[PDB]
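There is one chain below, alone, in structure tokens, taken in the form deposited in one PDB entry.
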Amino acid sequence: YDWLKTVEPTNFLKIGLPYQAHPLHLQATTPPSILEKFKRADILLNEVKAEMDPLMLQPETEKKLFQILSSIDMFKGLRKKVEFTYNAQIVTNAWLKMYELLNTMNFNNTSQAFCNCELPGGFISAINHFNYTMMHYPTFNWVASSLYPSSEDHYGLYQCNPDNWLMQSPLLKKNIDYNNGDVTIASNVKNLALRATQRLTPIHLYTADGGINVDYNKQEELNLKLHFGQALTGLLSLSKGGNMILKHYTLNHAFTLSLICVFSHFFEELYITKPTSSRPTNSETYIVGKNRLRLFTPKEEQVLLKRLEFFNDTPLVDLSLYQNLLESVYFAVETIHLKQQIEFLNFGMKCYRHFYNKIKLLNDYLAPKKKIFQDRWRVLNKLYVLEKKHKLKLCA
């Protein structure tokens, strides 16, 4: 009915965080009152997220819920087009997300990528595709890692490029320095960053796209350690003047807020971002630091690695020293999560309610709206055919 066509196209949400003049002290203390706003956001957003619980109780309705949520992905058809028409590889939704990030973030240099938690490899491939067709980089050097458990590389990007991947297979289990890619493990983060700086100087682009897979309303808290080792891997490897793209989620926990406060001292610009192709129904955010200003001191490295090693929830910094910054993160929360995500979660519920058994009919009603959003994406993020000689080597 009406609601289905009035859908507004979404914007690349990009919220700058103000630069923090004072030096960094990793020390928590009496939290600033703004933390209360964030907890209200988290309660509210979990409330709206909790609305899909009844649907989760039976695998029948769960399946139909995710069909509906896939039906309101406004960009899925764009992936097939971009592959077929422009020779893009590994055109997952992450490819779209990375390519959109690279166009609108205007990075100074993306010619040397370390992509962490990358397993399929959309980010690498988008970076590759961007660097050749848009940045006209003579060559592209990259390294990647992903969690290789001793228990996936859907496109063969890992196995067809063993030199470019920094974790080790389960055949190297029992090695004293076995690095399975798990960035929740402090020694793996040291080793990964050491290994990257070795195959790659300088590293201009760090990306980290990891997420625990589980319950939906503890998602940020369940990922704090992963996302903290993601960040640490990047801050140990990224060169000065380098750039960082980290996948996050809701940003309401003090720890997350404190880690952003940490990020605030290392980059000249720092954005919380939500590409349009980042599914507005989820809480996923990408934290983007442009122009790394300086590297860790040996003390900062020690402390943060010790935190990752013996992890806990507590703020990394005194959060009341960053009132300005939390106000802008809160704006980002309000824009990305309390406004956009809640509306698109509500819209998704309304789609489930009215179409849970009429999936075909829902995709028929949205198809023109989908094309409008993919058209506008194609206008904003110019695409160019990638030359065979600059494809990635794929084994699948």
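For every residue, the number given is its place in the sequence shown, counted from 1. Throughout, rigid core stands for the largest set of C-alpha atoms superposing within 1.5 Å between the two forms.
J.: Scan the PDB entry between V214 and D215 and report the missing deposited residues as one of none, 1 to 3, 4 to 9, 10 or more.
T.: In the deposited sequence, 1 to 3 residues between these two have no coordinates.
J.: Should the segment between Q27 and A28 be described as having none, 1 to 3, 4 to 9, or 10 or more unmodelled residues of the deposited sequence?
T.: Unmodelled stretch: 1 to 3 residues, a short break.
J.: Decide which of the stretches 69-77 and 264-272 has the higher mean C-alpha B-factor, going by the entry.
T.: Averaged over C-alpha atoms, the B-factors run higher in 69-77.
J.: Would you mind comparing 201-209 and 135-143 for me and telling me which has the higher average C-alpha temperature factor in the entry?
T.: Averaged over C-alpha atoms, the B-factors run higher in 135-143.
J.: Can you pull the Cα B-factors for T256, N108, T104, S125 from the entry and say which is highest?
T.: If I rank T256, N108, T104, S125 by C-alpha B-factor, first place goes to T104.
J.: Highest CA temperature factor in the entry: which of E343, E334, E60, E51?
T.: In the PDB entry, the greatest C-alpha B-factor among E343, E334, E60, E51 is found at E60.
J.: Can you tell me whether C351 has a C-alpha B-factor in the lowest, middle or highest third compared with the other modelled residues of the same chain?
T.: Ranked within chain, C351 CA B lands in the middle tercile.
J.: By the record's CA B-factor, is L366 among the lowest, middle or highest third of residues in the chain?
T.: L366: CA B-factor falls in the middle third of its chain.
J.: Ranking the modelled residues of this chain by C-alpha B-factor as given in the entry, is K290 in the lowest, middle or highest third?
T.: Lowest third of the chain for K290's C-alpha B-factor.
J.: Can you tell me which third, lowest, middle or highest, the CA B-factor of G181 falls into for its chain?
T.: Middle third of the chain for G181's C-alpha B-factor.
J.: Can you work out whether the C-alpha temperature factor of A41 puts it in the lowest, middle or highest third of the chain?
T.: Lowest third, going by the recorded CA B-factors of the chain.
The protein also exists as the form deposited in another entry; that form is not presented, and the subsequent description refers to it.
J.: Can you tell which residue in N46, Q340, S328, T61 has its CA shifted by 2 Å or more between the shown form and the other one when the core is superposed?
T.: By this measure, the answer is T61.
J.: Is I34 one of the residues whose C-alpha moves 2 Å or more between the shown form and the other one after the core fit?
T.: No, because once the rigid core is superposed, the C-alpha of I34 moves less than 2 Å between the shown form and the other one.
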